[PDB]
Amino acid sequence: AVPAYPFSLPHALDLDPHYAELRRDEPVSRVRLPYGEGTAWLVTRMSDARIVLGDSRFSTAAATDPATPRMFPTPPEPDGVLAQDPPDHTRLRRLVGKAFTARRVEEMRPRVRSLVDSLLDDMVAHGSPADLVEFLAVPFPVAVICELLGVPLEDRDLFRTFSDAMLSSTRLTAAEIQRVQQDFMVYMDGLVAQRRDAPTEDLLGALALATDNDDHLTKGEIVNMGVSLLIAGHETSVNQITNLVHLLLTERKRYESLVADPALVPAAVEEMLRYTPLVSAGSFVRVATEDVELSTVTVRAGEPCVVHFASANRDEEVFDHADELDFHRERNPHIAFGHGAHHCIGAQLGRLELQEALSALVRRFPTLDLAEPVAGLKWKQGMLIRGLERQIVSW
């Protein structure tokens, strides 16, 4: 009876035109998600998005029930941050949030700028043409989160594999993913356990203290924070570097406009954050705990809702010429980093990383162009997020 969401297999970074139709004439529409049972409201507009994400009457904890609609094979892990409601959620985030403040993240620009340069030095050693993914997109975020978290850099292939499986949408089965979660939890649990009598000066260390020094928080929750930070810490930024670079080079003018004014980069990062559907479709589901008014509908208590971040970021009531990509927007109140209690904790880290990668490239490689055809570009399929597996560039 009700439409299947996602509405189509994704292509590149392009939005299904049905989102625009929905925004205009049915901003809160009912849908059938690929897993779980029953039905959920899809929220396509910014005003409503902020209510689902921002309001205390929406619970993510309530979506841990296997019967709830969701975008992924496995029932959500109860111990994950996305599934915690405040105040427990607040305490959990407090454990680690100090290190992610705008101010602390800013402290890293120097380590991060060196790291980027070093990895771009190794790209020039190789010489054009080269795979931007191989040389920059993967190794840069991976190094940063490894050094931040205190995760062995030699284990990249291990945690990348794990992380890719947990961000599966259509690709893997419930059992394959459920398998990987236990391995990953055991891996992380072993990693924090190494600090029982070898305390470290890193997040995993702080995480280890919390497991032997906390009454409010379970060990499952504390350990799962480590896996959430490690998955997110690289999966987002790695794909997001390729996404911005794709958007820049497909219409060379954009890349050209940044070479002209490298101070634009930060605003262009914020723009491309708004434009890009990093989350391919949907979001972690929020279940209403009381009736809640949206634009066109009152969501009833127990009814699930899901948000498409990218569609809210194409809302014509809040962005002028929203279907157009523009680095000179005066205001840009996007929700590329979500909104409310679960606003991404690495928003400042992601920004730092994207700024520094894009700056360095725009300074150093003015003659950067896509050295493979747009048609054969290998976008990743059946994962909850989008990005390229390779990006061969010439200079």
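Numbers follow the displayed sequence, beginning with 1. We call the rigid core the largest set of C-alpha positions that still match within 1.5 Å between the two forms.
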property	result
Comparing 278-286 and 187-195 where Cα RMS over structures and residues is taken in 7 other deposited structures of this protein (core fit), larger one	187-195
Between 132-140 and 169-177, larger RMS Cα displacement in 7 other deposited structures of this protein after core fit	169-177
Given 320-328 and 138-146, the range whose Cα B-factors average higher in the PDB entry	320-328
Between 74-82 and 108-116 (mean CA B-factor, as deposited), the higher	108-116
Residue selected from 303, 176, 197, 271 by maximal Cα B factor	197
Which of 42, 335, 344, 370 ranks first by CA B-factor in the deposited coordinates	370
Within-chain third of residue 213 by Cα B-factor, per the entry	highest
Residue 57 CA temperature factor, ranked by third within the chain	middle
Chain third (lowest, middle, highest) by recorded CA B-factor, residue given as residue 128	highest
Ranked C-alpha temperature factor of residue 359 among modelled chain residues, by third	highest
B-factor third for the C-alpha atom of residue 393 within its chain	highest
